[PDB]
>>> print(open('entry_1.txt').read())   # compact mmCIF, C-alpha atoms and all ligand atoms
# COMPACT_ATOMS: atom_id res chain seq x y z
CA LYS L 1 23.62 6.91 -9.39
CA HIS L 2 23.36 9.47 -6.58
CA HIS L 3 22.71 7.85 -3.19
CA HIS L 4 20.27 9.86 -1.05
CA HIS L 5 19.69 7.10 1.53
CA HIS L 6 15.84 7.19 1.73
CA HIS L 7 13.50 4.19 2.15
CA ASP L 8 13.84 2.88 -1.42
CA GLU L 9 17.60 2.88 -1.03
CA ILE L 10 17.31 1.26 2.38
CA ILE L 11 15.33 -1.55 0.74
CA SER L 12 17.83 -1.83 -2.11
CA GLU L 13 20.75 -2.08 0.34
CA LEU L 14 19.02 -4.81 2.35
CA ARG L 15 18.64 -6.73 -0.92
CA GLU L 16 22.32 -6.31 -1.80
CA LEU L 17 23.30 -7.59 1.64
CA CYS L 18 20.97 -10.54 1.30
CA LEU L 19 22.24 -11.42 -2.18
CA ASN L 20 25.97 -10.94 -1.67
CA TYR L 21 26.76 -11.46 2.05
CA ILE L 22 24.45 -14.15 3.31
CA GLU L 23 26.03 -17.52 2.57
CA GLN L 24 24.47 -19.51 -0.29
CA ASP L 25 23.18 -22.38 1.88
CA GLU L 26 20.31 -24.12 0.07
CA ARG L 27 18.16 -24.16 3.23
CA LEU L 28 18.06 -20.36 2.98
CA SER L 29 16.96 -20.16 -0.69
CA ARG L 30 13.21 -20.04 -0.12
CA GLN L 31 13.33 -17.29 2.50
CA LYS L 32 15.88 -15.24 0.56
CA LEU L 33 13.58 -15.35 -2.45
CA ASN L 34 10.57 -14.48 -0.27
CA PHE L 35 12.48 -11.51 1.08
CA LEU L 36 13.78 -10.28 -2.30
CA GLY L 37 10.27 -10.29 -3.73
CA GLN L 38 8.78 -7.91 -1.16
CA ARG L 39 8.00 -4.34 -2.24
CA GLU L 40 6.05 -2.83 0.68
CA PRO L 41 8.32 -1.40 3.42
CA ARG L 42 6.51 -3.16 6.26
CA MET L 43 6.71 -6.45 4.38
CA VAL L 44 10.39 -6.06 3.52
CA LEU L 45 10.88 -5.48 7.26
CA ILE L 46 8.94 -8.58 8.28
CA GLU L 47 10.51 -11.03 5.83
CA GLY L 48 13.90 -9.48 6.59
CA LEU L 49 13.42 -10.29 10.27
CA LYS L 50 12.32 -13.79 9.32
CA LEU L 51 15.38 -14.25 7.11
CA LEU L 52 17.64 -13.27 10.01
CA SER L 53 15.73 -15.63 12.30
CA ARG L 54 16.13 -18.46 9.82
CA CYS L 55 19.91 -17.96 9.69
CA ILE L 56 20.00 -18.35 13.48
CA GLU L 57 17.71 -21.43 13.57
CA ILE L 58 19.69 -23.31 10.97
CA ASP L 59 22.95 -22.27 12.66
CA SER L 60 21.57 -23.73 15.90
CA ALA L 61 20.46 -26.93 14.16
CA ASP L 62 23.94 -27.45 12.66
CA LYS L 63 25.76 -26.74 15.95
CA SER L 64 23.36 -29.01 17.80
CA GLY L 65 23.77 -31.96 15.38
CA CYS L 66 20.07 -31.73 14.44
CA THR L 67 18.14 -31.45 11.17
CA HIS L 68 16.68 -27.97 10.79
CA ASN L 69 12.87 -28.06 10.64
CA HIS L 70 12.76 -26.54 7.12
CA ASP L 71 9.00 -26.96 6.61
CA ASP L 72 7.78 -26.40 10.16
CA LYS L 73 6.65 -29.99 10.63
CA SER L 74 4.97 -30.84 13.96
CA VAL L 75 6.42 -33.50 16.25
CA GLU L 76 3.46 -35.71 15.31
CA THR L 77 4.22 -35.23 11.63
CA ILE L 78 7.90 -36.00 12.22
CA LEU L 79 6.91 -39.19 14.00
CA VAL L 80 4.19 -40.18 11.52
CA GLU L 81 6.70 -39.80 8.67
CA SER L 82 8.90 -42.46 10.28
CA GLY L 83 6.11 -44.94 10.92
CA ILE L 84 5.54 -44.11 14.55
CA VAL L 85 2.18 -43.19 15.93
CA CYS L 86 1.60 -40.92 18.84
CA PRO L 87 -1.91 -39.72 18.62
CA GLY L 88 -2.52 -37.84 21.78
CA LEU L 89 -0.01 -35.08 21.19
CA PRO L 90 -0.09 -31.31 21.64
CA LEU L 91 1.09 -29.03 18.85
CA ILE L 92 4.84 -28.50 18.96
CA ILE L 93 6.94 -27.22 16.07
CA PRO L 94 10.64 -27.64 16.90
CA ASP L 95 13.42 -25.59 15.37
CA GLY L 96 15.31 -28.84 14.82
CA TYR L 97 14.97 -32.60 15.13
CA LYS L 98 16.73 -35.91 14.64
CA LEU L 99 15.38 -39.42 15.12
CA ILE L 100 18.21 -41.83 15.81
CA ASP L 101 17.13 -45.39 16.59
CA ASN L 102 14.52 -44.95 19.29
CA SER L 103 15.75 -41.50 20.35
CA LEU L 104 14.13 -38.31 19.13
CA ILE L 105 16.29 -35.21 19.53
CA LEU L 106 14.19 -32.04 19.55
CA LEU L 107 15.71 -28.55 19.45
CA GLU L 108 14.32 -25.15 20.49
CA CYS L 109 16.49 -22.08 20.04
CA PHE L 110 16.05 -18.44 20.95
CA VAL L 111 17.73 -15.05 21.35
CA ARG L 112 17.23 -12.85 24.43
CA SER L 113 19.00 -9.61 25.32
CA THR L 114 18.64 -9.49 29.09
CA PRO L 115 19.47 -12.15 31.72
CA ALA L 116 15.96 -12.01 33.22
CA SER L 117 14.25 -12.64 29.87
CA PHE L 118 16.96 -15.15 28.88
CA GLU L 119 16.22 -17.28 31.93
CA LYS L 120 12.44 -16.94 31.58
CA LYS L 121 12.51 -18.03 27.95
CA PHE L 122 14.87 -20.90 28.76
CA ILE L 123 12.40 -22.21 31.33
CA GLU L 124 9.40 -21.84 29.00
CA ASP L 125 11.09 -23.71 26.13
CA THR L 126 12.30 -26.45 28.48
CA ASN L 127 8.80 -26.99 29.89
CA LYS L 128 7.42 -26.96 26.36
CA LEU L 129 9.43 -30.00 25.34
CA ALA L 130 9.15 -31.78 28.70
CA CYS L 131 5.37 -31.98 28.64
CA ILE L 132 5.46 -34.64 25.91
CA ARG L 133 8.22 -36.84 27.31
CA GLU L 134 5.67 -39.30 28.67
CA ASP L 135 3.59 -39.68 25.52
CA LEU L 136 6.77 -40.29 23.51
CA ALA L 137 7.85 -42.88 26.08
CA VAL L 138 4.52 -44.65 25.65
CA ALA L 139 5.04 -44.89 21.89
CA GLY L 140 8.50 -46.30 22.60
CA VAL L 141 10.44 -43.08 21.93
CA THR L 142 13.16 -41.53 24.10
CA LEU L 143 12.95 -37.71 24.07
CA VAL L 144 16.29 -35.93 23.94
CA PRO L 145 15.27 -32.28 24.40
CA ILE L 146 17.65 -29.43 23.64
CA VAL L 147 17.13 -25.75 24.35
CA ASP L 148 19.77 -23.48 22.83
CA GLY L 149 19.50 -20.00 24.30
CA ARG L 150 21.56 -17.26 22.69
CA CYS L 151 22.49 -13.76 23.79
CA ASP L 152 23.00 -12.22 20.35
CA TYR L 153 22.22 -12.66 16.66
CA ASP L 154 25.60 -14.01 15.52
CA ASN L 155 25.51 -16.89 13.04
CA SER L 156 27.73 -18.69 10.58
CA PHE L 157 25.82 -17.55 7.47
CA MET L 158 26.64 -13.86 7.81
CA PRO L 159 29.83 -11.98 8.60
CA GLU L 160 29.57 -9.97 11.82
CA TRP L 161 29.72 -6.58 10.04
CA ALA L 162 26.98 -7.57 7.56
CA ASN L 163 24.77 -8.93 10.33
CA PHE L 164 25.11 -5.63 12.18
CA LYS L 165 24.45 -3.52 9.09
CA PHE L 166 21.49 -5.67 8.06
CA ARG L 167 19.92 -5.13 11.51
CA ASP L 168 20.79 -1.44 11.38
CA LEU L 169 18.98 -0.99 8.07
CA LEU L 170 16.00 -3.05 9.29
CA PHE L 171 15.72 -0.66 12.23
CA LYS L 172 15.77 2.34 9.94
CA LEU L 173 13.08 0.68 7.78
CA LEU L 174 11.00 0.12 10.92
CA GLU L 175 11.27 3.82 11.77
CA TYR L 176 10.22 4.78 8.25
CA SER L 177 7.34 2.29 8.26
CA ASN L 178 6.05 3.55 11.61
CA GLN L 179 6.09 7.11 10.29
CA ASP L 180 4.40 5.97 7.08
CA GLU L 181 1.65 4.35 9.15
CA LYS L 182 1.18 7.45 11.32
CA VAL L 183 0.77 9.56 8.18
CA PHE L 184 -1.68 6.99 6.84
CA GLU L 185 -3.78 7.18 10.00
CA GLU L 186 -4.28 10.90 9.29
CA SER L 187 -5.51 10.30 5.74
CA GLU L 188 -9.08 10.12 4.45
CA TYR L 189 -8.42 6.48 3.50
CA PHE L 190 -8.13 5.65 7.18
CA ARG L 191 -11.36 7.53 7.91
CA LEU L 192 -13.14 5.55 5.19
CA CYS L 193 -11.82 2.37 6.83
CA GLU L 194 -13.16 3.44 10.21
CA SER L 195 -16.51 4.03 8.59
CA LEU L 196 -16.46 0.58 6.94
CA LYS L 197 -17.42 -0.48 10.52
CA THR L 198 -20.92 -0.37 8.96
CA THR L 199 -20.36 -4.14 9.16
CA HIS N 1 -7.46 -14.33 0.45
CA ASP N 2 -7.30 -15.23 -3.22
CA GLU N 3 -10.92 -16.28 -2.84
CA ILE N 4 -11.72 -12.91 -1.23
CA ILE N 5 -10.00 -10.91 -3.97
CA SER N 6 -11.62 -13.11 -6.57
CA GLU N 7 -15.06 -12.54 -5.05
CA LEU N 8 -14.43 -8.78 -4.96
CA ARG N 9 -13.47 -8.76 -8.64
CA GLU N 10 -16.62 -10.59 -9.66
CA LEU N 11 -18.76 -8.07 -7.73
CA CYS N 12 -16.89 -5.17 -9.37
CA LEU N 13 -17.46 -6.65 -12.81
CA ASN N 14 -20.99 -7.96 -12.49
CA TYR N 15 -22.81 -5.90 -9.85
CA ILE N 16 -21.64 -2.34 -10.30
CA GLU N 17 -23.56 -0.59 -13.11
CA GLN N 18 -21.48 0.33 -16.11
CA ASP N 19 -21.51 4.10 -15.80
CA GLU N 20 -18.42 5.07 -17.78
CA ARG N 21 -17.30 7.58 -15.15
CA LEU N 22 -16.55 4.58 -12.90
CA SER N 23 -14.50 2.71 -15.52
CA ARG N 24 -11.08 4.04 -14.56
CA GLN N 25 -11.38 3.33 -10.84
CA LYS N 26 -12.81 -0.12 -11.56
CA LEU N 27 -9.70 -0.85 -13.64
CA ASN N 28 -7.51 0.55 -10.85
CA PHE N 29 -9.27 -1.75 -8.42
CA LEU N 30 -9.01 -4.83 -10.66
CA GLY N 31 -5.25 -4.51 -11.09
CA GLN N 32 -4.50 -4.71 -7.38
CA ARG N 33 -3.10 -7.97 -5.96
CA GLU N 34 -1.77 -6.66 -2.65
CA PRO N 35 -4.32 -6.70 0.25
CA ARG N 36 -3.57 -3.18 1.50
CA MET N 37 -3.99 -1.81 -2.04
CA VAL N 38 -7.15 -3.83 -2.71
CA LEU N 39 -8.65 -2.25 0.40
CA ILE N 40 -7.66 1.33 -0.48
CA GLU N 41 -8.77 1.07 -4.12
CA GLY N 42 -11.98 -0.68 -2.99
CA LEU N 43 -12.81 2.19 -0.66
CA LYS N 44 -11.98 4.64 -3.44
CA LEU N 45 -14.33 2.73 -5.75
CA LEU N 46 -17.17 3.02 -3.23
CA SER N 47 -16.28 6.69 -2.75
CA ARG N 48 -16.49 7.34 -6.49
CA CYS N 49 -20.01 5.85 -6.55
CA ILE N 50 -21.12 8.22 -3.77
CA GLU N 51 -19.37 11.21 -5.36
CA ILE N 52 -20.98 10.65 -8.75
CA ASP N 53 -24.47 10.29 -7.23
CA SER N 54 -23.79 13.50 -5.29
CA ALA N 55 -22.60 15.34 -8.40
CA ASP N 56 -25.61 14.14 -10.40
CA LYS N 57 -27.89 15.38 -7.60
CA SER N 58 -26.17 18.77 -7.34
CA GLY N 59 -26.16 19.64 -11.03
CA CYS N 60 -22.35 19.32 -11.08
CA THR N 61 -19.70 17.63 -13.20
CA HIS N 62 -18.00 14.83 -11.29
CA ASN N 63 -14.25 15.46 -10.97
CA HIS N 64 -13.29 12.14 -12.64
CA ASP N 65 -9.73 13.27 -13.49
CA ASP N 66 -8.89 14.97 -10.22
CA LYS N 67 -8.61 18.47 -11.74
CA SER N 68 -7.57 21.31 -9.41
CA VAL N 69 -9.71 24.41 -8.98
CA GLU N 70 -6.95 26.31 -10.80
CA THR N 71 -7.19 23.90 -13.73
CA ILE N 72 -10.98 23.99 -13.88
CA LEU N 73 -10.91 27.78 -14.20
CA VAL N 74 -8.18 27.88 -16.87
CA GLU N 75 -10.21 25.48 -19.02
CA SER N 76 -12.95 28.10 -18.94
CA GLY N 77 -10.45 30.84 -19.69
CA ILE N 78 -10.22 32.26 -16.19
CA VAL N 79 -6.84 33.04 -14.65
CA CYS N 80 -6.60 32.98 -10.87
CA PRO N 81 -2.97 32.81 -9.65
CA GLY N 82 -1.89 31.86 -6.14
CA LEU N 83 -4.83 29.54 -5.45
CA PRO N 84 -3.96 26.81 -2.95
CA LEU N 85 -4.12 23.26 -4.28
CA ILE N 86 -7.68 21.97 -3.93
CA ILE N 87 -9.25 19.01 -5.75
CA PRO N 88 -13.10 19.04 -5.40
CA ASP N 89 -15.33 15.95 -5.64
CA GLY N 90 -17.40 18.01 -8.16
CA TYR N 91 -17.67 21.32 -10.07
CA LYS N 92 -19.60 23.56 -12.45
CA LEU N 93 -18.97 27.04 -13.84
CA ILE N 94 -22.16 28.90 -14.74
CA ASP N 95 -22.03 32.58 -15.63
CA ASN N 96 -19.44 33.89 -13.17
CA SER N 97 -20.42 31.40 -10.42
CA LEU N 98 -18.21 28.37 -9.72
CA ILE N 99 -20.08 25.55 -7.98
CA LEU N 100 -17.62 23.41 -6.03
CA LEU N 101 -18.77 20.18 -4.37
CA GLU N 102 -17.26 18.11 -1.55
CA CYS N 103 -18.79 14.70 -0.73
CA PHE N 104 -18.04 12.42 2.22
CA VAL N 105 -19.09 9.35 4.17
CA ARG N 106 -19.04 9.21 7.98
CA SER N 107 -20.75 6.62 10.17
CA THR N 108 -21.07 8.42 13.50
CA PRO N 109 -22.70 11.79 14.29
CA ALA N 110 -19.50 12.95 15.99
CA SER N 111 -17.32 12.10 12.97
CA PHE N 112 -20.04 13.36 10.61
CA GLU N 113 -20.08 16.86 12.13
CA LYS N 114 -16.29 17.13 12.34
CA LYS N 115 -15.85 16.21 8.65
CA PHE N 116 -18.72 18.48 7.61
CA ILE N 117 -17.00 21.48 9.18
CA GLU N 118 -13.62 20.43 7.72
CA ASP N 119 -14.81 20.28 4.11
CA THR N 120 -16.81 23.48 4.62
CA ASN N 121 -13.67 25.28 5.79
CA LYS N 122 -11.65 23.71 2.99
CA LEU N 123 -13.76 25.38 0.33
CA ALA N 124 -14.29 28.63 2.26
CA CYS N 125 -10.58 29.42 2.31
CA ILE N 126 -10.57 30.30 -1.41
CA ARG N 127 -13.76 32.40 -1.52
CA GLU N 128 -11.90 35.73 -1.44
CA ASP N 129 -9.28 34.63 -3.97
CA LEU N 130 -12.03 33.69 -6.44
CA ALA N 131 -13.96 36.93 -5.88
CA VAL N 132 -10.83 38.93 -6.67
CA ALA N 133 -10.69 37.07 -9.98
CA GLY N 134 -14.36 37.93 -10.49
CA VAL N 135 -15.69 34.51 -9.54
CA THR N 136 -18.43 33.86 -6.97
CA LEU N 137 -17.85 30.59 -5.07
CA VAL N 138 -20.94 28.39 -4.63
CA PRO N 139 -19.58 25.82 -2.13
CA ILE N 140 -21.57 22.65 -1.48
CA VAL N 141 -20.78 20.09 1.19
CA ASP N 142 -22.75 16.85 0.91
CA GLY N 143 -22.38 14.47 3.87
CA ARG N 144 -23.54 10.86 3.68
CA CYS N 145 -24.06 8.45 6.59
CA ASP N 146 -23.36 5.28 4.59
CA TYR N 147 -22.13 3.95 1.26
CA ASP N 148 -25.57 3.54 -0.37
CA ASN N 149 -25.49 4.34 -4.10
CA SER N 150 -27.38 4.07 -7.36
CA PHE N 151 -24.77 1.84 -9.03
CA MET N 152 -25.07 -1.21 -6.77
CA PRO N 153 -27.83 -3.42 -5.33
CA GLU N 154 -27.91 -3.14 -1.52
CA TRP N 155 -26.95 -6.83 -1.13
CA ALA N 156 -23.87 -6.40 -3.36
CA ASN N 157 -22.83 -3.18 -1.64
CA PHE N 158 -23.01 -5.05 1.64
CA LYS N 159 -21.08 -8.11 0.36
CA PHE N 160 -18.39 -5.85 -1.14
CA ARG N 161 -17.95 -4.08 2.20
CA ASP N 162 -18.07 -7.37 4.11
CA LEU N 163 -15.24 -8.73 1.94
CA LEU N 164 -13.16 -5.55 2.31
CA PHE N 165 -13.73 -5.76 6.05
CA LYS N 166 -12.50 -9.37 6.10
CA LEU N 167 -9.36 -8.25 4.28
CA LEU N 168 -8.82 -5.55 6.90
CA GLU N 169 -9.46 -8.12 9.65
CA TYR N 170 -6.84 -10.51 8.27
CA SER N 171 -4.28 -7.70 8.12
CA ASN N 172 -4.93 -6.72 11.74
CA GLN N 173 -4.61 -10.38 12.73
CA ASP N 174 -1.31 -10.62 10.82
CA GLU N 175 0.13 -7.55 12.55
CA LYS N 176 -0.85 -9.21 15.82
CA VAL N 177 1.59 -12.01 15.02
CA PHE N 178 4.46 -9.71 14.13
CA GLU N 179 3.40 -8.39 17.55
CA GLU N 180 3.47 -11.68 19.44
CA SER N 181 6.25 -13.75 17.88
CA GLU N 182 10.03 -14.26 18.01
CA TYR N 183 10.43 -11.84 15.10
CA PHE N 184 8.96 -9.17 17.38
CA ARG N 185 11.67 -9.51 19.92
CA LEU N 186 14.22 -9.16 17.14
CA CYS N 187 12.56 -6.02 15.82
CA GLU N 188 12.33 -4.50 19.27
CA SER N 189 16.02 -5.42 19.36
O1 LIG L 201 -11.88 13.66 2.49
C1 LIG L 201 -12.53 13.51 1.33
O2 LIG L 201 -13.79 13.37 1.08
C2 LIG L 201 -11.82 13.51 0.00
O3 LIG L 201 -12.68 13.70 -1.14
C3 LIG L 201 -10.48 13.31 -0.12
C4 LIG L 201 -9.71 13.32 -1.45
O4 LIG L 201 -10.27 13.64 -2.48
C5 LIG L 201 -8.16 12.95 -1.34
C6 LIG L 201 -8.23 11.41 -0.98
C7 LIG L 201 -9.26 10.60 -1.89
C8 LIG L 201 -10.45 10.16 -1.39
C9 LIG L 201 -11.31 9.43 -2.21
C10 LIG L 201 -10.96 9.16 -3.49
CL1 LIG L 201 -12.07 8.25 -4.53
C11 LIG L 201 -9.75 9.60 -3.97
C12 LIG L 201 -8.91 10.31 -3.18
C13 LIG L 201 -7.51 13.67 -0.23
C14 LIG L 201 -7.71 15.17 -0.37
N1 LIG L 201 -7.01 15.66 -1.59
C15 LIG L 201 -5.61 15.71 -1.29
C16 LIG L 201 -4.82 16.56 -2.36
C17 LIG L 201 -4.69 17.95 -2.23
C18 LIG L 201 -3.97 18.66 -3.19
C19 LIG L 201 -3.39 17.98 -4.26
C20 LIG L 201 -3.52 16.60 -4.37
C21 LIG L 201 -4.23 15.89 -3.41
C22 LIG L 201 -7.36 14.87 -2.77
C23 LIG L 201 -7.40 13.34 -2.57
CL CL L 202 22.46 -34.53 11.15
CL CL L 203 29.30 -3.50 15.79
MN MN L 204 -12.25 14.21 -3.23
MN MN L 205 -14.87 13.80 -0.82
NA NA L 206 24.41 -32.75 11.32
NA NA L 207 30.32 -4.96 14.03
>>> encode(input="entry_1.txt", output="structure tokens")
Amino acid sequence: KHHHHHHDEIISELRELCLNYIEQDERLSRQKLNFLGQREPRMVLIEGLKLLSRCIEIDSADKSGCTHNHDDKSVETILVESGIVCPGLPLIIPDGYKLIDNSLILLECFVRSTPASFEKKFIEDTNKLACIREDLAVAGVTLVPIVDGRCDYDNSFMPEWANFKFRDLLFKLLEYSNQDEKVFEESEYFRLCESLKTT
Amino acid sequence: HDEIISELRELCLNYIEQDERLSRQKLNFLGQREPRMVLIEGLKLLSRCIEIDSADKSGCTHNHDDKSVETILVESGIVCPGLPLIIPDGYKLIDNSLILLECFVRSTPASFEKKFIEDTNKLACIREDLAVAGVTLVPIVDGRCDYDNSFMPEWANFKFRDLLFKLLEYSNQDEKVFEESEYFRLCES
């Protein structure tokens, strides 16, 4: 009834935003539910950040004409599920993928907030996909690699204002959580932990 | 994780002697599902074992219900207003002497000495208040260097701690992914 705007209300507002202002796309159902079920501040924070990330990844997949990698399949798994074997193959989990004929589109997306880190991340993700172009070619597959670098957190599943307010509340939860942890590290419980070093 | 919590519960149930003073904290421990809470209640359960041994060795009543000093006195008909809020690991009123006990575990000499002085000061700060009310404080500080206790076999005490430590390890390893991952950038953004 009376809003005092402390951490429990911060968590409750994040849940309202999640429920009522993030589009009801079925690919988001599992992470929304994961988020809504968290009770510990640090865990609300973490799954909240992951929910936001998932909105951006799926947004990228849709705009890039790719299938979003819902279950975090590896490239090997994606291949093996279509009857194609590539056995010497490093671990790569793409944000998106699409096998058309003999062509395998693979998508990496990211958000960076400065030009220097934008460019650095773009190079890293590009090299990441490139290093398996040859193996795929051996197995008869043409790699079509896509790196979608973004400069902000905008996405089609949340209105701009809600996206901003969701991030704003996550930041306030982070501040609370950090203070909660500092207070914990001054408690006897933390001392008893330290002592558990007996092992 | 489930296996870890499941192993911890079996130890709690089968290899901690059934002294009834431990029953409540065992039940508190057994109802925890969340890792951070399992760890805290597990450490409290080990602490209760040590405290009860200490009380039994000091001719004191273990403070099972977390009574305050103020409460302990009232129950014996003694009124002492203004007392700061202190909850002792143990107590006993004999004649006009109130034995108060503080127990602790520390695993280095440096941390041992620091805690010993802290609990000593903690009790000392109400000596005058009690004397005004006609009560002589008998303050006991009992420092332990490990979690050894009369309620558990040494092998079970070690396994219990080993499991709690693995829980703590997993949590530190998790927070090192929130540290190095895309979700970190977002949070520091
Ligand atoms: O450092 C210690 O050895 C120690 O015995 C600590 C405690 O008893 C407190 C923490 C605690 C430690 C162990 C257990 Cl089993 C339960 C609680 C903290 C001090 N107290 C804090 C407090 C003060 C006033 C009112 C309530 C709580 C009580 C709980
Ligand atoms: Cl498609
Ligand atoms: Cl804005
Ligand atoms: Mn205590
Ligand atoms: Mn104590
Ligand atoms: Na499409
Ligand atoms: Na805005």
>>> closest_atom_pairs(input="entry_1.txt", of="chain L", to="ligand CL 202 (chain L)", cutoff="9 Å", atoms="all atoms listed in the file", output="JSON lines")
{"residue": "L:61", "atom": "CA", "partner": "L:CL202", "partner_atom": "CL", "distance": 8.4}
{"residue": "L:62", "atom": "CA", "partner": "L:CL202", "partner_atom": "CL", "distance": 7.4}
{"residue": "L:64", "atom": "CA", "partner": "L:CL202", "partner_atom": "CL", "distance": 8.7}
{"residue": "L:65", "atom": "CA", "partner": "L:CL202", "partner_atom": "CL", "distance": 5.1}
{"residue": "L:66", "atom": "CA", "partner": "L:CL202", "partner_atom": "CL", "distance": 4.9}
{"residue": "L:67", "atom": "CA", "partner": "L:CL202", "partner_atom": "CL", "distance": 5.3}
{"residue": "L:68", "atom": "CA", "partner": "L:CL202", "partner_atom": "CL", "distance": 8.8}
{"residue": "L:97", "atom": "CA", "partner": "L:CL202", "partner_atom": "CL", "distance": 8.7}
{"residue": "L:98", "atom": "CA", "partner": "L:CL202", "partner_atom": "CL", "distance": 6.8}
>>> closest_residue(input="entry_1.txt", among="L:173, L:19, L:58, L:123", to="ligand NA 206 (chain L)", atoms="all atoms listed in the file")
L:58
>>> interface_residues(input="entry_1.txt", of="chain N", to="chain L", cutoff="6 Å", atoms="only C-alpha atoms", output="mmCIF file with C-alpha atoms, in the frame of the given file")
data_model
loop_
_atom_site.group_PDB
_atom_site.id
_atom_site.type_symbol
_atom_site.label_atom_id
_atom_site.label_comp_id
_atom_site.auth_asym_id
_atom_site.auth_seq_id
_atom_site.Cartn_x
_atom_site.Cartn_y
_atom_site.Cartn_z
ATOM 1 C CA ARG N 106 -19.040 9.210 7.980
ATOM 2 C CA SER N 107 -20.750 6.620 10.170
ATOM 3 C CA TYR N 183 10.430 -11.840 15.100
#
>>> residues_near_ligand(input="entry_1.txt", ligand="ligand MN 205 (chain L)", cutoff="7 Å", atoms="all atoms listed in the file", output="list in words")
residues 51, 89, 102, 103 and 104 of chain N
>>> closest_residue(input="entry_1.txt", among="L:76, L:124, L:57, L:175", to="residue 107 in chain L", atoms="only C-alpha atoms")
L:57
>>> residues_near_ligand(input="entry_1.txt", ligand="ligand NA 207 (chain L)", cutoff="9 Å", atoms="all atoms listed in the file", output="PyMOL selection string")
chain L and resi 159-165
>>> closest_residue(input="entry_1.txt", among="L:3, L:150, L:182, L:172", to="residue 60 in chain L", atoms="all atoms listed in the file")
L:150
>>> residues_around(input="entry_1.txt", residues="residue 103 in chain L", least_positions_apart="3", cutoff="12 Å", atoms="all atoms listed in the file", output="ChimeraX atom specification")
/L:79,97-100,106,133,136-137,139-145
>>> closest_residue(input="entry_1.txt", among="L:10, L:156, L:127, L:63", to="ligand NA 206 (chain L)", atoms="only C-alpha atoms and all ligand atoms")
L:63
>>> residues_around(input="entry_1.txt", residues="residue 125 in chain L", least_positions_apart="2", cutoff="9 Å", atoms="only C-alpha atoms", output="count of residues only")
12
>>> atom_distance(input="entry_1.txt", atom1="CA of residue 92 in chain N", atom2="CA of residue 141 in chain N")
14.1 Å
>>> residues_around(input="entry_1.txt", residues="residue 7 in chain N", least_positions_apart="5", cutoff="10 Å", atoms="all atoms listed in the file", output="ChimeraX atom specification")
/N:1-2,12,159-160,163
>>> atom_distance(input="entry_1.txt", atom1="atom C19 of ligand LIG 201 (chain L)", atom2="CA of residue 67 in chain N")
9.1 Å
